[PDB]
Amino acid sequence: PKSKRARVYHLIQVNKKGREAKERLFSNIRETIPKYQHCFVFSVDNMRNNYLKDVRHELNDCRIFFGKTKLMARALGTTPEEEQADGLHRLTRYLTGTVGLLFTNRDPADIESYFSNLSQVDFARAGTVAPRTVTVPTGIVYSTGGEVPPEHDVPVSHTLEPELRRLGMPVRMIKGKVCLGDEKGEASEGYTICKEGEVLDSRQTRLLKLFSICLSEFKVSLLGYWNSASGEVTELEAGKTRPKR
Amino acid sequence: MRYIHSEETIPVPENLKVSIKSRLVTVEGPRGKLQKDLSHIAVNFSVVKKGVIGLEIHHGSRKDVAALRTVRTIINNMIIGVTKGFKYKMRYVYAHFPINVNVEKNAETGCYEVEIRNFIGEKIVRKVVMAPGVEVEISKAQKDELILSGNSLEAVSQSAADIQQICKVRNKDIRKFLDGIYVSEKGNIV
RNA sequence: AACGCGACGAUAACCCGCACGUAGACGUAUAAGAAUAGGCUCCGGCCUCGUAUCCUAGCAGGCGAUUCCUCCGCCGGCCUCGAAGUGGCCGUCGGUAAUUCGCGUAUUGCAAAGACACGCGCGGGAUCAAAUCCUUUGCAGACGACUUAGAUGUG
RNA sequence: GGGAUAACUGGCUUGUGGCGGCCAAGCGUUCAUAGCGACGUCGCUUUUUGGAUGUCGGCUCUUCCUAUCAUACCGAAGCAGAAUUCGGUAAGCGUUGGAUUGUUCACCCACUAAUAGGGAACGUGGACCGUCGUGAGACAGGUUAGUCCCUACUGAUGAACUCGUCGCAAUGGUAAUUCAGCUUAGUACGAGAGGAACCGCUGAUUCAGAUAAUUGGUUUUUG
RNA sequence: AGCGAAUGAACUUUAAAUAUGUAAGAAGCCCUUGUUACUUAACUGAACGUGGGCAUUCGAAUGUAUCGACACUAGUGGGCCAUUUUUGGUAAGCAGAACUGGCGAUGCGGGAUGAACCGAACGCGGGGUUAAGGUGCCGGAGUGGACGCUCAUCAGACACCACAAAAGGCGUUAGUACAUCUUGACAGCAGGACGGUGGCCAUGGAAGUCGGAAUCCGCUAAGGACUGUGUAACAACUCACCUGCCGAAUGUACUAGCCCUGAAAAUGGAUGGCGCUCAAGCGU
RNA sequence: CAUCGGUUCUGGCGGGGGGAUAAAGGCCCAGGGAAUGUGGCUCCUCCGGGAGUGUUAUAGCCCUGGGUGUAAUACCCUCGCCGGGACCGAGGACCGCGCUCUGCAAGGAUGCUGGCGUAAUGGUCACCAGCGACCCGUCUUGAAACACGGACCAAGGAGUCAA
């Protein structure tokens, strides 16, 4: 009848990918199964996934896939009766969540060593546990909120002032300078965005992202690997720890 | 289409006392008691499990199930008020004339009164009477900031809107004259 | 409100005469409030239904018993009722089938002008308490109308 | 000279042009092509340098409408302030002149908060008989056509409800308007120039109801 | 209708509807035979004479308060409205013909009321049943029954439309055609939203986002030489799009009903009034 | 008031016929099938409550055919019986048609009882009450609408007489 949302048409070139994209994903995984030998399965639970591109560029040799877990798992073949190769059903039962596949032609031990050595600093995702009581001084709020020494720190922008005020900082932009309390300083007390042990929420995570404060560690947890010749999957550490269905 | 039946569920925590006699939802908690009459809508209340209240309509319309949804939300807000309570951190800004705010417990009627002076230099003193049950304090952590704490979300929000509306600029360019008292934070006491 | 209402003050009772006795009774009986996605309660339980309750017998309702202390009614006292005003309790007195009788009812035929008392009345008479007319006043007046003052006195 | 219509409008009136093409959902003779066809756009009016008004009026008064000039209220604007513009809620309030003209408006200038628009049955105080002419007309020729009653309302009285005093209030009407000065303040704001508003106080205009202490005026008080 | 019949509204085997002309015996028919003043080549026609048959179905149905003729005797000789058909015209009005009906000379019930509407016609009475129209009250008769729709800041109310439009409605209900959907649909939350590359021309300076053109490739799960915010330029945010969490219908355009607006001035008044909201409104 | 005659309104009852010789339905018989899956089994935040499974088990259901069966009942048509109510009694020797025939409900109301004279029943006037209801004549028009005449009462007052 009536009383419904006014659907906002999107005046933009990019469109839905859809059924064609999904069947393209089946085709890609199914055709890339045969060439490679070690199909690793890995997890990235609650880390931002910018650096997957960098690890792609590093392991240019290998081929990596990451989509719908269900889509990829059934492209592999969940049921053993409809299965591309023996043991791939085991790989499917490993595939549960924030999970990616890694076709490789080279040494699994070297793969494990490199992925153990892989480690990057990152801005924290929502839901994690904060390790520090990071705060901003009562004086002028700078670009990073005081993490680097203020003498070598540029002030943060009046453009970002409204966002900080919206996300909760009692900050005021006086004389063109954004400051928590008084322009000279003192006056106020301070603003602690997050505390030690506190479960970081979306608000605090956006605060760290705006103030360029990193408190998460991008690392990939290899659940397991399947060999083509043997046709079996060997779980390692994260494989047994991470629940699967 | 005249839906035969529809239900919604409201979970209650372990530390409350909820009672609906006819339609007077009275919820009792650590901070106090909140009572609201819901006699204007047709709903059937029951206790569907140990700690979830089921509110239902039988032979009702889409408007009626919409009423069920909104009354569910109001009851949930009462539960939240009696468990955690509501806090409104209010901020005031000035350019050249510092605004003076004074809060006083008028003992008769037992109510807060907030007086605002030197708002853009007007000699008038804006006195606002405060909602019953909610408390006002001058925050010491931050400057030019007040705290409005209470149990009733409706009362605290209406009072904050009353302040933000009484402190309103007339016949001046809003782009230049930025003075006023504004809402900053809305959350729970805990 | 000149045909809406209230409170109060002050009156009109006697003598003689003479004139008549329902826009709808027939058991014209019945006080919680409040809600209707709740309520009542005796706290056991109860609620579609006032399709209920009360009352309901005697010559248009007698007489005498039998026998009952149950209701009804009248007056007093105590209090109570004010939204356009009353009921309860107690006491006196009168009546009173709950029970059970004997006396009378008729031929009014098979349904369709007497006396007394009480009031409302008028015709005169004299009785209060007043109003108006008259005179005066002039805070008033087209004319009516209105404010006063005239019976012993701050006239 | 004959014929015909007795006469007009009455859910009529307002703010957005016409012609042609392009596009066009639908419908259609059988299908968007027998063809009809809104909104837009294009071409013409329409682009390269900034007086119209004939009979009329003129004044006052009552009432009503708003399609609101001002007062009140807010929404928007490079709205710094001040001064403004547009929009809407609003009819309680008030809504003045001069020039010019046959006369009105336009325009023009003076006050003023402002000089807004209307309705009230558009509210109350000649044509033939002819005669003389037919390339056009005239006629001192005629026939001549041609209107004090009722009652609402108000005021003052008023019969009966025994006379008088003190009251209640259903109902009906209903009233206040605008400007100015001091303080805020030469402050907020502003490069300068300039320049507010709230609170509080004091006046003035108009309207309304009163009154003669004091000041003018009036003298069948004939003092 | 057919054209597996021919041919091609102008096609037709057949054949409508629909009103509209003529005939349905005894006073009628047929032919035979003759005359003629007429006519024709000619009883060829016309009239005049013969003949016959068939009177108890004399040649369909229904109706039957009769019809024909002559003579004589009064009053009248207007139109108005509407249905249908038809002709012309306008922006719309309208104008002209023919039929029929009604009023004209007609009372009565209903539409609150009435020249043009519906039913029905008339002596005086009693009883019964109906039509149009009604059954909340005025008002006699149902707050009758069944299924649904509608809440109007002057709804609507029974036999009618203009305003009016492919008109605006985040009112409500039914329905149609398409599209996604555990291969996880729409919405939401946590994120990613890259690289060549500050792409080419231009210029104080313009880096996806003041301007003209092109708008490609890698990575892809996806990411546009970019949808807005923003900077002097950056930056940064955000959009498209894509993955994680949740889990079951949706969402795009239309049709149909009921409702709002779709235009309104001036004395106070109208579904007749009161009033009515699971109606006392609307459809059956 | 009883028995009747005519018209009429309104209730109940005994039958007959027809459908698909109603369809259904009860009870059986036989075959088949299914879930909004009965019992049972397994899992299952256990007063409880779900999920899967599997065709009658500790419930049942649907489809088809047969018997009871010419079943009953609804609907329509039809043969009759009884009850309550309203309005009227027209004509006045016999005749006729008939019947249930010693007379009858058959060409029209009688029988019984009671009331009625200081009043049964009426009349006029006045008023109230329900419903209805424009002021007459003339004249015009299709019709209205205008217009003409009407202060009242009594008497007079207008198609007559000749050839």
# chains A, B, ... in the order shown; residues from 1 in each chain; ligands from 1
>>> interface_residues(of="chain E", to="chain A", cutoff="8 Å", atoms="only C-alpha atoms (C1' of nucleotides)", output="list in words")
residues 170, 171, 172, 173, 183, 190, 191, 192, 194, 219, 221, 224, 227, 230, 236, 240, 241, 243 and 244 of chain E
>>> interface_residues(of="chain B", to="chain C", cutoff="6 Å", atoms="only C-alpha atoms (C1' of nucleotides)", output="list in words")
residues 42, 43 and 44 of chain B
>>> select_by_dssp(residues="region 87-189 of chain A", states="alpha helix (DSSP H)", output="PDB file with N, CA, C and O atoms, in the first residue's frame")
ATOM      1  N   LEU A  88      39.285 -33.058   0.103  1.00  0.00           N
ATOM      2  CA  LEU A  88      38.728 -31.721  -0.025  1.00  0.00           C
ATOM      3  C   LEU A  88      37.443 -31.585   0.780  1.00  0.00           C
ATOM      4  O   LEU A  88      37.096 -30.480   1.202  1.00  0.00           O
ATOM      5  N   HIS A  89      36.741 -32.695   1.029  1.00  0.00           N
ATOM      6  CA  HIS A  89      35.628 -32.670   1.974  1.00  0.00           C
ATOM      7  C   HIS A  89      36.105 -32.339   3.384  1.00  0.00           C
ATOM      8  O   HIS A  89      35.439 -31.591   4.114  1.00  0.00           O
ATOM      9  N   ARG A  90      37.251 -32.892   3.785  1.00  0.00           N
ATOM     10  CA  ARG A  90      37.854 -32.512   5.055  1.00  0.00           C
ATOM     11  C   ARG A  90      38.194 -31.029   5.069  1.00  0.00           C
ATOM     12  O   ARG A  90      37.922 -30.334   6.055  1.00  0.00           O
ATOM     13  N   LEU A  91      38.759 -30.520   3.974  1.00  0.00           N
ATOM     14  CA  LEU A  91      39.016 -29.086   3.905  1.00  0.00           C
ATOM     15  C   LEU A  91      37.729 -28.277   4.043  1.00  0.00           C
ATOM     16  O   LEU A  91      37.718 -27.242   4.717  1.00  0.00           O
ATOM     17  N   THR A  92      36.642 -28.729   3.416  1.00  0.00           N
ATOM     18  CA  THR A  92      35.365 -28.041   3.560  1.00  0.00           C
ATOM     19  C   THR A  92      34.883 -28.024   5.001  1.00  0.00           C
ATOM     20  O   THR A  92      34.404 -26.983   5.467  1.00  0.00           O
ATOM     21  N   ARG A  93      34.991 -29.144   5.722  1.00  0.00           N
ATOM     22  CA  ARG A  93      34.554 -29.118   7.117  1.00  0.00           C
ATOM     23  C   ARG A  93      35.473 -28.242   7.964  1.00  0.00           C
ATOM     24  O   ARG A  93      35.053 -27.714   8.999  1.00  0.00           O
ATOM     25  N   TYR A  94      36.731 -28.073   7.544  1.00  0.00           N
ATOM     26  CA  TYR A  94      37.567 -27.052   8.179  1.00  0.00           C
ATOM     27  C   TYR A  94      37.039 -25.645   7.905  1.00  0.00           C
ATOM     28  O   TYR A  94      37.024 -24.795   8.803  1.00  0.00           O
ATOM     29  N   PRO A 108      55.466 -26.654   2.404  1.00  0.00           N
ATOM     30  CA  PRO A 108      54.576 -26.270   3.508  1.00  0.00           C
ATOM     31  C   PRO A 108      55.316 -25.760   4.730  1.00  0.00           C
ATOM     32  O   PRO A 108      54.808 -24.872   5.420  1.00  0.00           O
ATOM     33  N   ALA A 109      56.501 -26.300   5.027  1.00  0.00           N
ATOM     34  CA  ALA A 109      57.261 -25.801   6.168  1.00  0.00           C
ATOM     35  C   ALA A 109      57.675 -24.350   5.956  1.00  0.00           C
ATOM     36  O   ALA A 109      57.593 -23.532   6.880  1.00  0.00           O
ATOM     37  N   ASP A 110      58.116 -24.010   4.744  1.00  0.00           N
ATOM     38  CA  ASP A 110      58.467 -22.624   4.450  1.00  0.00           C
ATOM     39  C   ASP A 110      57.237 -21.726   4.500  1.00  0.00           C
ATOM     40  O   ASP A 110      57.308 -20.582   4.963  1.00  0.00           O
ATOM     41  N   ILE A 111      56.095 -22.231   4.024  1.00  0.00           N
ATOM     42  CA  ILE A 111      54.852 -21.467   4.118  1.00  0.00           C
ATOM     43  C   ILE A 111      54.528 -21.164   5.577  1.00  0.00           C
ATOM     44  O   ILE A 111      54.212 -20.023   5.944  1.00  0.00           O
ATOM     45  N   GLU A 112      54.610 -22.189   6.427  1.00  0.00           N
ATOM     46  CA  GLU A 112      54.330 -22.024   7.849  1.00  0.00           C
ATOM     47  C   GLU A 112      55.293 -21.037   8.488  1.00  0.00           C
ATOM     48  O   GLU A 112      54.881 -20.179   9.278  1.00  0.00           O
ATOM     49  N   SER A 113      56.580 -21.138   8.154  1.00  0.00           N
ATOM     50  CA  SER A 113      57.564 -20.234   8.736  1.00  0.00           C
ATOM     51  C   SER A 113      57.301 -18.792   8.322  1.00  0.00           C
ATOM     52  O   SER A 113      57.350 -17.881   9.159  1.00  0.00           O
ATOM     53  N   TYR A 114      57.011 -18.560   7.039  1.00  0.00           N
ATOM     54  CA  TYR A 114      56.741 -17.199   6.590  1.00  0.00           C
ATOM     55  C   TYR A 114      55.490 -16.638   7.250  1.00  0.00           C
ATOM     56  O   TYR A 114      55.464 -15.476   7.671  1.00  0.00           O
ATOM     57  N   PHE A 115      54.432 -17.445   7.339  1.00  0.00           N
ATOM     58  CA  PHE A 115      53.195 -16.934   7.918  1.00  0.00           C
ATOM     59  C   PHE A 115      53.305 -16.765   9.427  1.00  0.00           C
ATOM     60  O   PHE A 115      52.555 -15.980  10.016  1.00  0.00           O
ATOM     61  N   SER A 116      54.226 -17.486  10.069  1.00  0.00           N
ATOM     62  CA  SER A 116      54.512 -17.218  11.472  1.00  0.00           C
ATOM     63  C   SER A 116      55.317 -15.936  11.633  1.00  0.00           C
ATOM     64  O   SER A 116      55.097 -15.181  12.586  1.00  0.00           O
ATOM     65  N   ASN A 117      56.247 -15.675  10.716  1.00  0.00           N
ATOM     66  CA  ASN A 117      57.014 -14.438  10.730  1.00  0.00           C
ATOM     67  C   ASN A 117      56.194 -13.222  10.319  1.00  0.00           C
ATOM     68  O   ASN A 117      56.607 -12.092  10.603  1.00  0.00           O
ATOM     69  N   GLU A 161      37.441  18.103  13.648  1.00  0.00           N
ATOM     70  CA  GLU A 161      36.796  18.520  14.895  1.00  0.00           C
ATOM     71  C   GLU A 161      35.338  18.084  15.017  1.00  0.00           C
ATOM     72  O   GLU A 161      34.977  17.516  16.064  1.00  0.00           O
ATOM     73  N   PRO A 162      34.455  18.319  14.033  1.00  0.00           N
ATOM     74  CA  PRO A 162      33.060  17.880  14.206  1.00  0.00           C
ATOM     75  C   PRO A 162      32.919  16.383  14.394  1.00  0.00           C
ATOM     76  O   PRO A 162      32.055  15.940  15.156  1.00  0.00           O
ATOM     77  N   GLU A 163      33.750  15.586  13.719  1.00  0.00           N
ATOM     78  CA  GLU A 163      33.679  14.140  13.899  1.00  0.00           C
ATOM     79  C   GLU A 163      34.073  13.741  15.315  1.00  0.00           C
ATOM     80  O   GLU A 163      33.428  12.882  15.926  1.00  0.00           O
ATOM     81  N   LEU A 164      35.125  14.354  15.856  1.00  0.00           N
ATOM     82  CA  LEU A 164      35.533  14.044  17.223  1.00  0.00           C
ATOM     83  C   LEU A 164      34.437  14.424  18.210  1.00  0.00           C
ATOM     84  O   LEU A 164      34.124  13.667  19.140  1.00  0.00           O
ATOM     85  N   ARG A 165      33.825  15.593  18.008  1.00  0.00           N
ATOM     86  CA  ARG A 165      32.732  16.003  18.880  1.00  0.00           C
ATOM     87  C   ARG A 165      31.536  15.066  18.770  1.00  0.00           C
ATOM     88  O   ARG A 165      30.891  14.766  19.781  1.00  0.00           O
ATOM     89  N   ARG A 166      31.220  14.607  17.557  1.00  0.00           N
ATOM     90  CA  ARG A 166      30.123  13.663  17.371  1.00  0.00           C
ATOM     91  C   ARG A 166      30.406  12.331  18.050  1.00  0.00           C
ATOM     92  O   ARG A 166      29.502  11.737  18.649  1.00  0.00           O
TER      93      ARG A 166
END
>>> closest_residue(among="F:76, F:59, F:42, F:115", to="residue 17 (chain F)", atoms="only C-alpha atoms (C1' of nucleotides)")
F:76
>>> atom_distance(atom1="CA of residue 233 (chain A)", atom2="CA of residue 219 (chain A)")
21.8 Å
>>> interface_residues(of="chain B", to="chain A", cutoff="8 Å", atoms="only C-alpha atoms", output="ChimeraX atom specification")
/B:141-143,184-185
>>> residues_around(residues="residue 100 (chain B)", least_positions_apart="2", cutoff="8 Å", atoms="only C-alpha atoms (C1' of nucleotides)", output="short mmCIF file (atom, residue, chain, number, x, y, z; two decimals) with C-alpha atoms, in the first residue's frame")
data_model
loop_
_atom_site.label_atom_id
_atom_site.label_comp_id
_atom_site.auth_asym_id
_atom_site.auth_seq_id
_atom_site.Cartn_x
_atom_site.Cartn_y
_atom_site.Cartn_z
CA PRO B 98 30.27 33.87 29.88
CA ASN B 102 23.04 27.77 38.86
CA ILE B 116 20.75 30.81 33.35
CA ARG B 117 22.23 34.31 33.28
CA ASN B 118 24.32 36.38 30.86
CA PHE B 119 23.10 34.46 27.81
#
>>> closest_atom_pairs(of="chain B", to="chain D", cutoff="7 Å", atoms="only C-alpha atoms (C1' of nucleotides)", output="CSV")
residue,atom,partner,partner_atom,distance
B:122,CA,D:198,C1',4.9
B:123,CA,D:199,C1',4.9
B:124,CA,D:199,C1',4.3
B:173,CA,D:79,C1',5.9
B:176,CA,D:80,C1',6.9
>>> interface_residues(of="chain F", to="chain B", cutoff="12 Å", atoms="only C-alpha atoms (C1' of nucleotides)", output="list in words")
residues 45, 47, 48 and 49 of chain F
>>> write_last_selection(atoms="N, CA and C atoms (P, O5', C5', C4', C3', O3' and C1' of nucleotides)", output="PDB file, in the first residue's frame")
ATOM      1  P     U F  45      18.226 -29.267  26.497  1.00  0.00           P
ATOM      2  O5'   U F  45      18.849 -27.809  26.662  1.00  0.00           O
ATOM      3  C5'   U F  45      19.690 -27.499  27.765  1.00  0.00           C
ATOM      4  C4'   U F  45      19.165 -26.335  28.572  1.00  0.00           C
ATOM      5  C3'   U F  45      17.725 -26.435  29.051  1.00  0.00           C
ATOM      6  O3'   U F  45      17.583 -27.243  30.205  1.00  0.00           O
ATOM      7  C1'   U F  45      18.122 -24.276  28.165  1.00  0.00           C
ATOM      8  P     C F  47       9.887 -27.724  32.812  1.00  0.00           P
ATOM      9  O5'   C F  47       8.680 -28.749  32.984  1.00  0.00           O
ATOM     10  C5'   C F  47       8.759 -29.826  33.905  1.00  0.00           C
ATOM     11  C4'   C F  47       7.672 -29.730  34.945  1.00  0.00           C
ATOM     12  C3'   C F  47       6.258 -29.996  34.451  1.00  0.00           C
ATOM     13  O3'   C F  47       5.945 -31.378  34.385  1.00  0.00           O
ATOM     14  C1'   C F  47       6.290 -28.008  35.740  1.00  0.00           C
ATOM     15  P     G F  48       5.655 -32.070  32.964  1.00  0.00           P
ATOM     16  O5'   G F  48       4.726 -31.018  32.212  1.00  0.00           O
ATOM     17  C5'   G F  48       4.793 -30.858  30.804  1.00  0.00           C
ATOM     18  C4'   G F  48       5.257 -29.473  30.432  1.00  0.00           C
ATOM     19  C3'   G F  48       5.409 -29.195  28.945  1.00  0.00           C
ATOM     20  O3'   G F  48       4.177 -28.866  28.326  1.00  0.00           O
ATOM     21  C1'   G F  48       7.319 -28.410  30.102  1.00  0.00           C
ATOM     22  P     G F  49       3.787 -29.497  26.901  1.00  0.00           P
ATOM     23  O5'   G F  49       4.850 -28.868  25.896  1.00  0.00           O
ATOM     24  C5'   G F  49       4.975 -27.461  25.751  1.00  0.00           C
ATOM     25  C4'   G F  49       6.290 -27.094  25.111  1.00  0.00           C
ATOM     26  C3'   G F  49       6.581 -27.772  23.782  1.00  0.00           C
ATOM     27  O3'   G F  49       5.942 -27.129  22.696  1.00  0.00           O
ATOM     28  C1'   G F  49       8.476 -27.941  25.181  1.00  0.00           C
TER      29        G F  49
END
>>> select_by_dssp(residues="region 43-190 of chain A", states="strand (DSSP E or B)", output="mmCIF file with N, CA, C and O atoms, in the first residue's frame")
data_model
loop_
_atom_site.group_PDB
_atom_site.id
_atom_site.type_symbol
_atom_site.label_atom_id
_atom_site.label_comp_id
_atom_site.auth_asym_id
_atom_site.auth_seq_id
_atom_site.Cartn_x
_atom_site.Cartn_y
_atom_site.Cartn_z
ATOM 1 N N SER A 43 42.737 -18.532 8.569
ATOM 2 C CA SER A 43 41.703 -17.734 9.209
ATOM 3 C C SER A 43 42.270 -16.365 9.550
ATOM 4 O O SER A 43 43.442 -16.246 9.937
ATOM 5 N N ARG A 63 48.317 -18.818 -5.297
ATOM 6 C CA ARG A 63 47.002 -18.315 -5.681
ATOM 7 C C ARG A 63 46.072 -18.348 -4.475
ATOM 8 O O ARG A 63 45.876 -19.403 -3.871
ATOM 9 N N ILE A 64 45.475 -17.207 -4.138
ATOM 10 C CA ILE A 64 44.703 -17.067 -2.907
ATOM 11 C C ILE A 64 43.255 -16.734 -3.250
ATOM 12 O O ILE A 64 42.988 -15.993 -4.203
ATOM 13 N N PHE A 65 42.325 -17.307 -2.485
ATOM 14 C CA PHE A 65 40.890 -17.117 -2.673
ATOM 15 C C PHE A 65 40.243 -16.773 -1.337
ATOM 16 O O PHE A 65 40.647 -17.305 -0.297
ATOM 17 N N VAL A 99 37.610 -17.213 6.649
ATOM 18 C CA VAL A 99 38.509 -18.270 6.217
ATOM 19 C C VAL A 99 38.860 -18.067 4.750
ATOM 20 O O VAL A 99 37.984 -17.795 3.922
ATOM 21 N N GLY A 100 40.144 -18.212 4.434
ATOM 22 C CA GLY A 100 40.621 -18.128 3.069
ATOM 23 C C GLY A 100 41.418 -19.344 2.640
ATOM 24 O O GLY A 100 41.950 -20.081 3.480
ATOM 25 N N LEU A 101 41.505 -19.562 1.330
ATOM 26 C CA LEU A 101 42.216 -20.699 0.762
ATOM 27 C C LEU A 101 43.458 -20.231 0.017
ATOM 28 O O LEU A 101 43.487 -19.127 -0.536
ATOM 29 N N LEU A 102 44.473 -21.093 -0.012
ATOM 30 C CA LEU A 102 45.813 -20.733 -0.467
ATOM 31 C C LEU A 102 46.394 -21.908 -1.251
ATOM 32 O O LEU A 102 46.951 -22.837 -0.665
ATOM 33 N N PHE A 103 46.246 -21.881 -2.572
ATOM 34 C CA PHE A 103 46.875 -22.864 -3.444
ATOM 35 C C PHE A 103 48.358 -22.524 -3.534
ATOM 36 O O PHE A 103 48.719 -21.412 -3.938
ATOM 37 N N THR A 104 49.219 -23.479 -3.184
ATOM 38 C CA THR A 104 50.661 -23.294 -3.217
ATOM 39 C C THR A 104 51.325 -24.486 -3.892
ATOM 40 O O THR A 104 50.801 -25.608 -3.884
ATOM 41 N N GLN A 120 52.001 -7.468 11.440
ATOM 42 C CA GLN A 120 51.926 -6.038 11.156
ATOM 43 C C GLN A 120 51.126 -5.339 12.245
ATOM 44 O O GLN A 120 50.235 -5.942 12.845
ATOM 45 N N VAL A 121 51.461 -4.079 12.526
ATOM 46 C CA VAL A 121 50.644 -3.281 13.432
ATOM 47 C C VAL A 121 49.404 -2.808 12.688
ATOM 48 O O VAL A 121 49.434 -2.607 11.466
ATOM 49 N N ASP A 122 48.298 -2.640 13.413
ATOM 50 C CA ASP A 122 47.035 -2.278 12.791
ATOM 51 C C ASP A 122 46.132 -1.582 13.801
ATOM 52 O O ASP A 122 46.297 -1.726 15.018
ATOM 53 N N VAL A 129 40.077 -6.418 23.056
ATOM 54 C CA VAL A 129 40.355 -5.976 24.418
ATOM 55 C C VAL A 129 41.486 -4.957 24.376
ATOM 56 O O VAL A 129 42.555 -5.228 23.815
ATOM 57 N N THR A 135 45.208 8.134 26.454
ATOM 58 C CA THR A 135 44.419 9.340 26.641
ATOM 59 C C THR A 135 45.072 10.507 25.913
ATOM 60 O O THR A 135 46.193 10.407 25.406
ATOM 61 N N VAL A 136 44.352 11.616 25.870
ATOM 62 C CA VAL A 136 44.814 12.851 25.241
ATOM 63 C C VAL A 136 44.991 13.896 26.336
ATOM 64 O O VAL A 136 44.214 13.905 27.297
ATOM 65 N N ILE A 140 46.142 21.294 23.926
ATOM 66 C CA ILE A 140 45.737 21.228 22.528
ATOM 67 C C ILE A 140 45.774 19.783 22.060
ATOM 68 O O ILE A 140 46.758 19.065 22.280
ATOM 69 N N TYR A 142 46.342 17.190 19.271
ATOM 70 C CA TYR A 142 47.175 17.158 18.080
ATOM 71 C C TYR A 142 46.723 16.042 17.148
ATOM 72 O O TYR A 142 45.678 15.416 17.347
ATOM 73 N N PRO A 155 49.039 19.830 14.749
ATOM 74 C CA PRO A 155 47.682 19.754 15.302
ATOM 75 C C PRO A 155 46.720 19.062 14.345
ATOM 76 O O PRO A 155 46.879 19.114 13.124
ATOM 77 N N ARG A 172 36.564 21.630 21.715
ATOM 78 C CA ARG A 172 36.075 22.908 21.223
ATOM 79 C C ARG A 172 37.123 23.522 20.308
ATOM 80 O O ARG A 172 38.325 23.452 20.578
ATOM 81 N N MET A 173 36.660 24.124 19.217
ATOM 82 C CA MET A 173 37.546 24.717 18.220
ATOM 83 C C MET A 173 37.519 26.228 18.426
ATOM 84 O O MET A 173 36.609 26.917 17.959
ATOM 85 N N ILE A 174 38.521 26.739 19.139
ATOM 86 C CA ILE A 174 38.592 28.143 19.532
ATOM 87 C C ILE A 174 39.783 28.782 18.827
ATOM 88 O O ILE A 174 40.878 28.204 18.786
ATOM 89 N N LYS A 177 41.988 26.857 16.480
ATOM 90 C CA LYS A 177 42.731 25.737 17.040
ATOM 91 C C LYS A 177 41.766 24.834 17.795
ATOM 92 O O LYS A 177 40.979 25.309 18.620
ATOM 93 N N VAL A 178 41.818 23.538 17.499
ATOM 94 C CA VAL A 178 40.983 22.566 18.195
ATOM 95 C C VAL A 178 41.678 22.148 19.488
ATOM 96 O O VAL A 178 42.865 21.801 19.493
ATOM 97 N N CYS A 179 40.952 22.224 20.605
ATOM 98 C CA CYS A 179 41.512 21.942 21.919
ATOM 99 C C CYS A 179 40.462 21.282 22.800
ATOM 100 O O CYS A 179 39.275 21.609 22.730
#
>>> interface_residues(of="chain B", to="chain E", cutoff="12 Å", atoms="only C-alpha atoms (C1' of nucleotides)", output="PyMOL selection string")
chain B and resi 1-2+61-63
>>> atom_distance(atom1="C1' of residue 105 (chain F)", atom2="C1' of residue 87 (chain F)")
20.7 Å
